[PDB]
Amino acid sequence: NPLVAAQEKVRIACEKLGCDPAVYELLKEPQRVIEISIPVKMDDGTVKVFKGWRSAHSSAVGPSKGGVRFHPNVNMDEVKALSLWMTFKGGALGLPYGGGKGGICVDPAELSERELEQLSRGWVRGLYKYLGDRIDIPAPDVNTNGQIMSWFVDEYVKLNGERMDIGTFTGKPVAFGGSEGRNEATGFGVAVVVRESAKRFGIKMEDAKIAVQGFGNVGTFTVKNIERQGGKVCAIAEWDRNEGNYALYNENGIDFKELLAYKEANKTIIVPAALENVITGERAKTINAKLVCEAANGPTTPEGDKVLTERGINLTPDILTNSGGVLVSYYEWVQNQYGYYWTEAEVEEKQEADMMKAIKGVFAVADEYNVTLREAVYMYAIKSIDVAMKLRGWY
Amino acid sequence: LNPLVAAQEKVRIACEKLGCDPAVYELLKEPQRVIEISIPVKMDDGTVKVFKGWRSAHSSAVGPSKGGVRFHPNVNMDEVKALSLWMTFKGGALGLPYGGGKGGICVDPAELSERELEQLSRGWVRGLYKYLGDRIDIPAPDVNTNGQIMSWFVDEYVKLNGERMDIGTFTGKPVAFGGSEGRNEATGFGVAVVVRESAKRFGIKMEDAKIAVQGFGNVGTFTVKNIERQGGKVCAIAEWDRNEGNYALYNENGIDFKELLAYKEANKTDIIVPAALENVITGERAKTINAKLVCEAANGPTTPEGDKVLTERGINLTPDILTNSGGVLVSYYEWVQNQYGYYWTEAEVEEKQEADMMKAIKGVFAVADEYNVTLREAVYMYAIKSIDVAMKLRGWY
Amino acid sequence: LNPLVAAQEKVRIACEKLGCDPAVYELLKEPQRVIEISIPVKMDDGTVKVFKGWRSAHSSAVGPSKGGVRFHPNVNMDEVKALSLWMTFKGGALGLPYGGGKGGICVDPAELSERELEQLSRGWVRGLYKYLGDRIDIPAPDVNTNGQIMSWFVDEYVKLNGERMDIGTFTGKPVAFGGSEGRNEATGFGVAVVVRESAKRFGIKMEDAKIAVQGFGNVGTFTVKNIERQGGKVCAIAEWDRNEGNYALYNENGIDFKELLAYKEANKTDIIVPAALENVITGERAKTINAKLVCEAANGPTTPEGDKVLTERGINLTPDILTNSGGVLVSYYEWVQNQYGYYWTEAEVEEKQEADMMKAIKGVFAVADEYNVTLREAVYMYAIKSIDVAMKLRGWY
Amino acid sequence: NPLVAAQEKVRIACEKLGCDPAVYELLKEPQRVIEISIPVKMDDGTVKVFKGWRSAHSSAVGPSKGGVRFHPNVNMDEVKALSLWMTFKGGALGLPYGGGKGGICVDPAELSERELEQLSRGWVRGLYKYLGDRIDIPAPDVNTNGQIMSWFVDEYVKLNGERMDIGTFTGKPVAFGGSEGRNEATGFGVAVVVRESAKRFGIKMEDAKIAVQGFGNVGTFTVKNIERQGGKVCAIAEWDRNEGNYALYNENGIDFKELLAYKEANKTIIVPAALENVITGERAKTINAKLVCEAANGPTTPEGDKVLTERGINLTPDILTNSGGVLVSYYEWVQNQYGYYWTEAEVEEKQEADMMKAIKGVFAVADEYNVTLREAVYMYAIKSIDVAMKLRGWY
Amino acid sequence: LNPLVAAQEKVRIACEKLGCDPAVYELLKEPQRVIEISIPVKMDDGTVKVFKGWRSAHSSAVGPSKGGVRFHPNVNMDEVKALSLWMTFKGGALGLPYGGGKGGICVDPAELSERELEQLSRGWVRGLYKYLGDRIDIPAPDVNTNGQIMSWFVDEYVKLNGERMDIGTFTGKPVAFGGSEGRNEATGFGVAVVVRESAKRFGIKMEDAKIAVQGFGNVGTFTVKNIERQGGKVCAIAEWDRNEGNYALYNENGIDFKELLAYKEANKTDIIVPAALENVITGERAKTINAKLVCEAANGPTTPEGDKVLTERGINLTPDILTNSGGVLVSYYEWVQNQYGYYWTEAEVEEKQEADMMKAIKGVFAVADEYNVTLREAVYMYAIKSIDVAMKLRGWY
């Protein structure tokens, strides 16, 4: 199922680009998918075998890269679809990668932490020959973190002739060859994307106030960097239990510094963070903004997008706006390659440079093929993936 | 219906009568590794069509993985998964130092040009080579593949393998290119051996009871041949045309194999050995039968309903998996010869082939005598039993 | 005292009577390579204990390194260094294409849980794998290790080896997992062969002179067996209990091996073959003895003081290293079978085993006849002589 | 013998940190030590076999790194101990390495220079499979230099499938992929460390005059950079033969420029360069300074340290103060990895940045665990090594 | 003149009478790969002289490449290219799973010290090792090289090969270092076998017709030996001195090999077998001859003018390439033994050697009978024919 959606993005993109039919044919599906049976000797002394996958969607432009999921919903079609999405996520930035992804159909909640390690090691032990800092680079996704990555790296090295190719997995702890600027990367990304969009649509940052929906990891750090960049946020929005779907508002902007401080202790234009499918056809018709900046994946439905265009509202698409995270993930890999590590300031400096480069591209394409930013970003990714496949002789 | 369940059920049933640990089934339930690839072909008209391909390593418990590659349009992930499980059985039955593997490409090779076919074959290797090798996983021919495809496989593989000619990474090669003697008539030789030892063990003397062979295909051709080669002879054949359905020649004293085969050139046309097709010997054919012994040469000819009456009617049965395993036995020999690069003669191959068939027979019988059950349920048990030991020793549970 | 000196002295003495170059001793003085590792184990209670482990490659002059792994609490670097030197001898004595190697872990495996024991074993491999391989260095069982540890060794090694099943990287495996037939009774078969050829060469006919075997352990059990298998027979045994010390049965005409072994089940209880322990045959036991020939089956039973009187008393002696080398001979065969992956039968293994023992015997005798000295000092010379040639050819001096 | 001393540093450190008992157990001893017999066909046509070692103490944090010794005193226990010291030396800086070291029990004085090469090549030929720019990286120590490193690299490459992983050995000549800033690195390090210490203890550099004991390689270049950094040295100190234990003093600072010039031609607060165990209990009680900056390894004895604390005298420990050398050694390896080479100015710029980062860390720890700089630096190293071992799953 | 043209012409002529595809010649026209290296030697006086060296892989169509290394001052790229082409023939003639390879160093080893010679040899390997290996390309001795150089080759190669002792990467090793029995007298044994089967096929009984051997070199020594070993005997020899030119002993009844060889120690001095030199049997020597059969043991003794009259005079001729191929046959066996690391006895080597020579003879004859032409033009056709099949299967055209 989930594959059609992403195939669609390609063939729509390819359709407006006018590229060769091979492009779609080659991009239609992953270059390689491995499915393995990972036995775990469970704590009670038992064996349960868990299914795992890694799907390399593309290596046209560079080595493959994307995260690993420990969900019970993951199956081959999930990973196939998700890795295709990755190829977009990457090319959008113009990174020298292609899409990859993996997962294990597990409920990690059911597992002991030695059991969980054994599974993680067992995953690598199943695929290592098709992984490496210049083949395919896994990273965290749902239910995985720097702890799993650290287990992945340990076992990988052992398998790898002891050569510490630590950039074979990103999303590592700084304590173990990860990178600064990680945790607040995406939020920093969004804030940069907001300013340049506004600037390009004739809006001055310090001069128009802003609404951010949701205050998770993204959100928290997008309001932060809006302040860091001379702007400020009047309307937030958030959810509880205990009310649900509520909204803060302390007038000439909510102080991020002091609001964040209250999440500790209390645990309690438009940027949607938080959840998907908020902003549907009949939600879009109700608001008042000249610009929408998607920070969450999803927000606007294909129906919503339609009215925005007619209502005269511009929209920067998730894939671009929230790509700072993977941008920083890429930096981590770079630092691993020559083994020199950057500072938070150095990471931000580059992060701003590169986001702006990617923005410039998506805009240039929209201006040229005369269409939406959402349909431009996907075209930007396909366009450069196309060049590489043709050069390499794949068609 | 999903082909895996049948394969899995054979495991479930075998493990159940063996009394082995529940992990055994859990570990054997599914392949250790399956790779699915997208193989692009630049077609002759200058076009790209991408074909899906698979290799499924079912098990390496006992040794490296081994099994054939299919170029059918019906092949999909479930096919290969199931098939490779069947291979694990096929192998263990003989007690070979392998595990089951299999691969395929969803293609209609008929639709392909022969440079297109090569590019596909090379493209298949180029997709998986890192999980292939004479000591990882060894592909061989299956439906729509032959020694020509293997030869393309080997060429591309060597290129990818740092130029080291590990030619035993693919079996079913031509003699002209590091294949082995005794190949073409291996299975037929196999079944004949098994026919004699079965009879002997069930109190039947070979030269002393006449025999029926259903089918005179490759298998049948060479099974009647070696029955003659081993002192016996075949009275009743059986075969199909177009132009008249199931017929059965019967020249009483037997009919020469030598003269009969000679007439298939030019003309193009006690106990029992079914060759040819499956699902002969249904419930109501197994009532009409008059024999003390059935020797399966084709895969199939067992309606599990048929098996039931045979047991009550007092008729013994040697199961395909064992009886027709000479082919893979010889495929194994090829791999051996590739490893130290010394090549055996047709006579040397047969000598070993007899030795080893007899070893495997003795094993299946010993098990049947011990766990007090059918040869068919014994052979599967024989395979699981030894796969089990290895998994335990290796620490898999 | 440092176990190396004894091993080294054997080199010093051999080189001295051979007249070989001083480099020979200098090069053989010590292992080419010793790795010492810290193996962490996450203990069952959730704890970490780190165990020291070693592998010592003494020599690869003649071929890859080979020797067993010890799980004793007494093992230390000097043990392994010395032991691996002894292996170089053990091997060359037979004229095998190996050099000496050995390893160990300073552990009391008794103190360990069996998942703990596995993690240790796997952890040992994980520490050294880059200097192991079927053509670098091949570990086997020694004290407190068996085919179970080898099977764990092999599993982890394969994982580390890019999934290539080079199973001949460890010998002493179960038949069920690529081990070899003839293993368990190899040494016993060995000594029996040597017993006959020695006698023959010293003018004694096998069926024609009765024999004494000290000890009926594994070794002794299978040495009396094959003495019977080879036309001879044993009158006097000898054994130990708890519950009465050194006793010796003597059923004159000989006593069946067949019936005797059968009584060890249920009951749990001319010339000479010492099995069992070392330092039997002291100076004052070698005065009381009445035999024309001694065949060492145990390592040890030579007080160098004892050897002295035997020579003057006119008593010949085949040294352990040669007489009991059938075990490693069969360990070698296993490795061979692993290389081309074809497995030999117990009969095929014995046939070769006899052939090769006789080849090695002939060599040791030829040397003794030439350099005009004892079999014990001849065997060590035999080993050094061929190791020497290789070092010279290879350009090591 | 020499091992207890270093084990002690760990268990004292671990004791005040409060880390898990596994930490000490795992750090107690090297992860791997190889002992080899290196035959040399001597010039007269003879064979002498020399013993050699490489001890990888730790790779927790990164690949192993440390030097090779050609002394007759080197034995397994030396190398074990020394590689443990390396793990400290490294982590002190927070470098992505762990400790390694090697040696050959030889008197290189007894050897011809073709003999010496044959030994050096023979050393690599003995261990190469456990060396590499991402396993274990050897460097010079006593009796070894860039000439030995160059022999190591030549043979290594040959063994390595011809792949020029030249960062497998550091301390190479600039002429062969070494790095600028090498020779005067440690001296540059010390000078930086002096200024920041003073600054943190309320002393202005140009404003208080300084004593440096010894004028070797260190010393020479520490007075140099003191001048380079606005300070200046009044009292030196040095040794001859021919007097021994003497001291210069040309008043408002000795001109480094002109003094150095006189070593050519003539061959003839507190920074001890030169030798060990100067500053014992009864030497410490005799001087007058608010700060001691160890440039030599050793100076202050456990007895001396005691009175300094009570007498109110602060002390920056060798391991930190003199670590610029290895800092630059690390840079060399970085440059080897992507094959771009830095300038002396670029090396110094980074060198100052990173020393200051490491200083900041050691101070932060001392301020937190409320103890001496000497006991803080060792704690700093263990602390980060600890995190990595736990992440990687080693306990 | 360029040595390649002669080699190439043999291909051109063979392909022409076979009727094979034009690609066959195009692909075989030249080596697949030639490496030329500059080997620096630090000379004893402390100096540097750089020697040129080559390895030329002509073909790997059928298997890995194999052929010897030359230390002559005449060796250049064209020599090695041509020579390796000749190797492809030499090999295929026997039907071995190899292709042709060859190497050399333009040196006068006479001018070299023996540590200098070693450094050169090691330096040669160090230059090419990545395109050598027991399954890529296997070097052996040729002019001015022996088992000593091979032993240096092997030592350096192992070092470069991650310490894996793939010793079958070089053949022509000493028995003392993984060489093979039967080596030294292989070719002589070869020619004797071929002598008998030729005679038999041309209606001549061995014990029943006396024989002439030109030359009593290594080849000749062991060809008269095995003629005796096979029931025949030699009347006329022939040999050269200094001190009198071409002479020929004739002790009628034959003259013992045993006693004759014994006199070469101390003294240092029907149908026909030329050993020794080439270009004996010119046009005007082939008119003066009285024999029904010529068996070439030396490479050469065929003025293509000579061949012409032999055919018309009615005299049959077995060509060098086939007759003297026992040497390389045994070189192959060595490689086999290295692969699984089990070593054969001189008797076992001869047994196989006879079997395989007879197989190759049978092939060359079958071809000659089919394409109705000379044995000399048949053997080359035999080699091309099987190389052809492989190239086609592998997809090379």
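Think of each number as a place in line: the chain as shown, counted from 1.
Each residue, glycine too, has its Cβ placed from N, Cα and C.
Under the heading substrate binding site, Swiss-Prot lists C:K66, C:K90, C:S331. The C-beta environment of C:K90 (substrate binding site), restricted to residues of the same chain at least 6 apart in sequence and closer than 8 Å, consists of C:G67, C:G100, C:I321, C:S325, C:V328.
Taken from Swiss-Prot, the feature active site, proton donor covers C:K102, and the record attributes it to sequence analysis. The number of other Cβ atoms within 10 Å of the Cβ belonging to C:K102 (active site, proton donor), over all protein chains shown, comes to 32.
According to Swiss-Prot, the feature site 'Important for catalysis' maps to C:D142. Note: C:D142 (site 'Important for catalysis') has non-local neighbours C:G67, C:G68, C:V69, C:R70, C:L83, C:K102, C:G104, i.e. same-chain residues 6+ apart with C-beta under 8 A of its own C-beta.
The Cβ of C:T187 (NAD(+) binding site) lies under 8 Å from the Cβ of C:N218, C:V219, C:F222, C:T223, C:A297, C:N324, C:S325, C:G326, C:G327, each of which sits 6+ residues away along the same chain. Under the heading NAD(+) binding site, Swiss-Prot lists C:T187, C:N218, citing similarity to another entry as support.
Annotation comment: Swiss-Prot describes C:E239 as site 'Important for nucleotide recognition'. Taking Cβ-Cβ distances under 8 Å and a sequence separation of 6 or more, the neighbours of C:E239 (site 'Important for nucleotide recognition') in its chain are C:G215, C:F216, C:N246, C:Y247, C:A248, C:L249, C:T269, C:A276.
Taking the centre of the Cβ atoms of C:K66, C:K90, C:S331 as the substrate site, the nearby residues of that chain (Cβ within 8 Å, site residues left out) are C:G67, C:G68, C:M87, C:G91, C:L96, C:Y98, C:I138, C:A140, C:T171, C:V328, C:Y332. Look at C:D142 (site 'Important for catalysis'): DSSP puts it in coil. Cβ crowding, taken as the number of other Cβ atoms within 10 Å, peaks at C:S331 among the binding-site residues C:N218, C:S331. For C:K66 (substrate binding site), the same-chain residues lying six or more positions away in sequence with a CB closer than 8 A to its CB are C:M87, C:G91, C:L96, C:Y98, C:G99, C:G100, C:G101, C:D137, C:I138, C:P139, C:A140, C:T171, C:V328, C:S331, C:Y332, C:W335. In the three-state DSSP scheme, C:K66 (substrate binding site) is classed as strand. Within the set C:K66, C:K90, C:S331 that the record links to substrate, no two Cα atoms are more than 12 Å apart, and one pair reaches that distance.
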